[PDB]
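Asker: Pasting an experimental structure, sequence included:
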Amino acid sequence: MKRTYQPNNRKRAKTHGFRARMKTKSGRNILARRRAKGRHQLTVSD
Amino acid sequence: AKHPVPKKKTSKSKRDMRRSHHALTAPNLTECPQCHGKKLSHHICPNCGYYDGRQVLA
Amino acid sequence: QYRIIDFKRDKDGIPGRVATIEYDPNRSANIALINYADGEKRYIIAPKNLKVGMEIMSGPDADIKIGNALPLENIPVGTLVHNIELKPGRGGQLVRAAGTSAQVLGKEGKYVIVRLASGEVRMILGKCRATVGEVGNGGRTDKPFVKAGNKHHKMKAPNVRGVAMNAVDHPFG
RNA sequence: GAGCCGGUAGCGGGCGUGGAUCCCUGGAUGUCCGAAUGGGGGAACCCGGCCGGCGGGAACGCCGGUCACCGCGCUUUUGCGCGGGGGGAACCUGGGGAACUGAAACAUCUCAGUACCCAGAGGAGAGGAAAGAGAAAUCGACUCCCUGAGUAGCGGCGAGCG
RNA sequence: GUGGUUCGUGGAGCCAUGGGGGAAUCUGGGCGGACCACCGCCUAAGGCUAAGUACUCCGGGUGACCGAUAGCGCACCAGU
RNA sequence: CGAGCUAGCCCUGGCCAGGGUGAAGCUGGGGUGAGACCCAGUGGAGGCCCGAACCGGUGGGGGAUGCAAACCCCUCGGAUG
RNA sequence: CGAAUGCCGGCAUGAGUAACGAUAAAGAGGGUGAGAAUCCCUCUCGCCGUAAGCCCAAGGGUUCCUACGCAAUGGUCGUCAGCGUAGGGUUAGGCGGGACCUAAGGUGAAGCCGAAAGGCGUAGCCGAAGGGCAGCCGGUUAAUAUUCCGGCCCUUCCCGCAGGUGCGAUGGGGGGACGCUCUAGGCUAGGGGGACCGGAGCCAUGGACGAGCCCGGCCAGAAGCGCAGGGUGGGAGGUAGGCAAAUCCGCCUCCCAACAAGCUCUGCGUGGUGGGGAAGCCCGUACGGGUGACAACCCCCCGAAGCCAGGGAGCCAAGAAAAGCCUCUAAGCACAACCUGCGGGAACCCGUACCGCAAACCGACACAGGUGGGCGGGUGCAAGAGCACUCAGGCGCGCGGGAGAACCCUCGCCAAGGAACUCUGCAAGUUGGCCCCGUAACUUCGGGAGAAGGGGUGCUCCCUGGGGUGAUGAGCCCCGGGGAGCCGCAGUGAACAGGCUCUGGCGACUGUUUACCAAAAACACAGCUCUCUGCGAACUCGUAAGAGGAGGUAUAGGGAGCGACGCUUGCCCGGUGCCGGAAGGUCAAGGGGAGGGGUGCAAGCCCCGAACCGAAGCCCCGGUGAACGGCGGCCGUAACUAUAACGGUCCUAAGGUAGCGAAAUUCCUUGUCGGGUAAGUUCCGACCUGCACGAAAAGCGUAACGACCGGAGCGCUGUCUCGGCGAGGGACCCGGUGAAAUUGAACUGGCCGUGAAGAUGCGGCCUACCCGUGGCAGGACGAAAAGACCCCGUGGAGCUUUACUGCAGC
RNA sequence: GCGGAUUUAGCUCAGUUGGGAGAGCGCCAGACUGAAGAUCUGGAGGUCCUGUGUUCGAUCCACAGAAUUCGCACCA
């Protein structure tokens, strides 16, 4: 029933990810956003 | 698709009555044949083995 | 196979013998691999005729030897050309497939008259160039596309139409 | 100033009045990522030159150290030696810069130069000694409070703004 | 042809500019809101300038502030 | 903020058990110049036929606080494009 | 603070009724436990088996073993776990990723354009089970293994010396490289029969000890080597000289230009090992086997959908970028460079355990969903991963006993009739395999054909033919063949397998598409038509830059109504878009002077400024329809009766042409005739007063084709005259487990009436004991959802034109 | 039942001071012909729908009421 969640390492890591996030304005942005804003870790960390 | 699901709470009281008709009755039991103890009317037991025949153990 | 090759000779004197029939899959153009003096070759412009029998070229000089080229300068009035070079050497400037090509239908000053294949008439400039004769498109039209859609086969855009879509949709539609 | 091996109480073993635990400041280390900048890259991982000890190399041969991105001047020479950047809750200024909503509609308009996004300086930036003010021939940085005025007035002179 | 300004194109200026014209260096040149005469005012078209107001990550105090469904949502192996 | 939804477009591999039909082709035989063109043999093209993996999901049947937020059953189409 | 279908949190409801997650089944014996249907061994039996197989990977990620242990998870248990605690378990120069190569695509010093963040982007980098690349089989623990052991085969890099030679870039060359469909040659997989060899034992039973049952009779290897193809050609010179630099290779010429020699996979092999099952004396004789006979190790068979091989053939829509190899600079060797030998040395970074057509992967659960590759064992079947049964290996679905009622589910049965049920033959039956016999109207002659219509088959004996079988001589296979015969209701025995027919509508047709309703006459289309474009094109994104277009170039690219083909597309540009005209009117900014005006002592200094000139536009003149679009009215007449042959007109742009007509465009209508039927408002055929068809949004037709839709007939059958009976599933009783919405509350009758007007609880009256479970639906205006049909709020969002205003681009 | 417009000499049509009315076609006489027809000559002919009403007077102006033809008509 092809849900949507099938995790494709290659991909998930790929399409998102530290690096990626830095890569752009937005990315970095909300990146610090959280950083400070609440702790946590981050995408790829996951 | 709940066409009909109770319409009113059920009355504590009555509810319980419903339950009411329901009565527990301990198994009729009778004392042994000779393994002298009380037993399940009609049967050998971890007391007996008899009846008229030594079939059982312990 | 998914590639191009030539479209403008400009190192002349070099014998160009019509190598061979490599009728070609990429721009309605059959072409021949051309074999030049030095061994240096060129999958070159179809121009119908000039048989397998390698045999011509073109150049500074002339040799209205059908097929072959030169400026419109070195060019006979009443001649069918293609290799249609508009501005002073921008490769060929027209008639690809385009059987009927352009006609030196009169030329004046550093400007020469082209009956413009595509369907009109006007001029190019001086030493500009062109090669004449035929294209080589064999009617290169019709053909059936019977039970299936040759199109789709086309690999070439089953970019299918629409225009009546139940919509709001696309650019002048 | 005399107890301590942190929140774990426990075990097993120990340090100290020949000023211990700990309070302070000023120290060396400071793995790998993150401006990351030596190179690559799904960070935190995998790749390169010299010095480096010489290392087992038991009758056989290393890590460690180190080291170089790029925009910046310019002593240009062959360019050597400087500054940058990456942050930051909210504050500042400049770049850019909106609908709802009010006008009981809604095109002016108001919401506002508001929200937001941006670049950037700071610890505060803003700004800041006059082609000003105003007119009593009078005043003299720039800013910020009160006051001036909700006046002078802007305006489908309508909401409101001021 | 736009901006700021209280100015919503207006009797409507000052400064700032987009695009074309393209001055004068002290009897120069703007200015006082159309403009004109006289007066009054300033001297542009470069730069620096601590302090007087803002702000709260952090430290302190204090509260007719709170009491765990109220206080920051989180008083403690919570932005987990 | 999202094409590991999905529809698309690019690049690059994998895949279609069986079986049927039988054109262009060429081989030879056919009264005429040659030839048309016939016939026969060979031949093995088709988004071609029958049918499964594969792909799909009308038609009836079940389910309806379901195995499940679309499924199970009978049935049905494509099946070298 | 009842009180906001309130938020938070407890807590009761139905309710001990509903459910246990696929009707692929269980039962017995013993074992262990505190206690076991639910754990362990064991013997009956059922289910897979093309999978319920094992495997590669993806994903998850310690879930794995081993000793412990069960509180919750495990929809019952539970001494069992993929539960808990703890210990322990995954090693590679040659497996794989990298340490190499590049297209897409991303990055990207330089370069290009932005208001700033940015864009785009060379080359170089990144970027793959696409390229590339040096071994395999036995063994061996609780666990890992192509990595541990061992046997056997290698690889690169280094020092040396030996023999060797213009070595020496990567720049050059060739070079690695390719579609699809098909098919010759030859070879292990793999499978098959051997009574042929080895062994552990049987027969029981009527019988057979005998070509009898039964187990197997390989797997791996340096090279040497004959089955075997696999990829090239040789030398000289010229080299107007290129591939920017010269020998390469490219191009011309004269000579060997073969079944030649050259260089990369299969057999033999075999070195030599391993294994090898059945053992098997210690030893558990049993959670059986870990560990010793000894194995036999032979022949003929059949043969691949990818193995050689980059085949070979045919075809169009005509099949990727960087190692290695030769050619060479810079260069440096050139008694020390490359190639080649042998000997010593050296060889890393991350990866495995188990799951893994799945309770360990996505679905929030051990949810009959899905999820990419590898032969997929055999017997029967014309062939085949289809079918029925099984092999190896897997499983018994995680709740079990027990009755057998309605009534739902799934499934089998019928006599006689045999759609009439009904909207509808919906469904479900008929039919269903291969061979022969036969084959209709129509035809775009291919095909409608499987059409339709018959008859066939089972095993035995008898004689005859043939293709692989090294001649051919146990050995295999396609095949008849004809003859005689046997037995059953039955002889594709069961399992997998079309009902046809006639006819009409539309659309051609195969398609695609509305994920969880609708595959359709809808879009797609092969095809046709007007058509805009000359390239730095026309249009589409873009703030410039740019990319797109197209490395396309008018047989081309973009707009587009129709959508094979056949026949044919007619009448009107007066409005309109548009194509063209551009002389004339008009009109923005602009240019340009009369004038007026304020202040001015005066020069001067500021506006207003208009005759005249001045842009697209629009007006007007034309063209223009496969461009929007439009294509009349009633009075009369032969018509013994009716439009009409003709005729009177009034308005427009002309005022339906050819085919067709009650169609799905005809409400009056079941229009009237016809046929079909016992009757037919559906059909199908004609008429045609066509409420309101018409050629291009085609029109009339059209074979084939359609999960399309309607209209007929033979076949068949419980659809239907009602059916009735039966089989397996819940329901019901048992024990274990033990939700859920709606709900003020409640010990809640019928009546006739009544109230807001369709009343259990108001009135008068009549039955009426207290409780419950299996049931049947009627009422409790039942549940579910603060109507989506409505109207209302100077509510919202999509789209439309000659609505307003504007912005874009022209 | 609602709307718009129309009812004139036999037929199709025209007029907004309203002031006092034909256009073409039909019909009888005159020709032209041997004849008829087409064709020149003359003519004859109207409640401007029924009834009202405002009006000096209006069929051309108004109000009902006949027939005309046209539009209309949905929501579930």
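Answerer: Happy to help now that I have it. Numbering: from 1, shown residues only, chains lettered A, B, ... in the order given.

Asker: all strands in chain B, in order from the N-terminus.
Answerer: B:30-31, B:38-39 (DSSP state E).

Asker: Have a look at chain A and report its longest helix.
Answerer: The single longest helix within chain A, with elements called by DSSP state H, is helix A:25-38.

Asker: and it with RNA strand G, contact?
Answerer: Yes - interface with RNA strand G: helix A:25-38 contributes residue A:25 (CB under 7 Å from any atom of the strand). (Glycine included, C-beta is placed from N, CA and C.)

Asker: From the chain's centroid, how far away is that helix?
Answerer: When C-alpha coordinates are averaged (CA atoms, centre = their mean, to the nearest Å), helix A:25-38 and its chain have centres 11 Å apart.

Asker: same check, this time on stretch C:117-127
Answerer: 15 Å.

Asker: Stretch C:163-173 now?
Answerer: 37 Å.

Asker: same check, this time on stretch C:51-62
Answerer: 16 Å.

Asker: Who are the contact partners of residue C:55?
Answerer: The contact partners of residue C:55, by CB atoms under 8 Å, 6 or more residues apart in numbering or on different chains, come to C:17-18.

Asker: cutoff 10 Å now
Answerer: Counting by CB atoms under 10 Å, 6 or more residues apart in numbering or on different chains, residue C:55 touches C:15-18, C:65, C:67-68.

Asker: likewise residue C:36?
Answerer: Residue C:36 neighbours (CB under 10 Å, 6+ apart): C:9, C:11, C:14-17, C:19, C:42, C:44, C:57.

Asker: Kindly reformat those as a markdown table containing distance to RNA strand G.
Answerer: Shown next, in a markdown table, are these (distance: CB to the nearest atom of the strand, whole Å):
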| residue | distance to RNA strand G |
| --- | --- |
| C:9 | 13 |
| C:11 | 8 |
| C:14 | 5 |
| C:15 | 5 |
| C:16 | 10 |
| C:17 | 8 |
| C:19 | 9 |
| C:42 | 11 |
| C:44 | 12 |
| C:57 | 9 |
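
Asker: Show me how to select, in ChimeraX, the buried members of those.
Answerer: Those of the contacts of residue C:36 that count as buried under 16 or more other CB atoms under 10 Å in any protein chain shown are selected in ChimeraX with:
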select /C:9,16,17,19,42,44,57
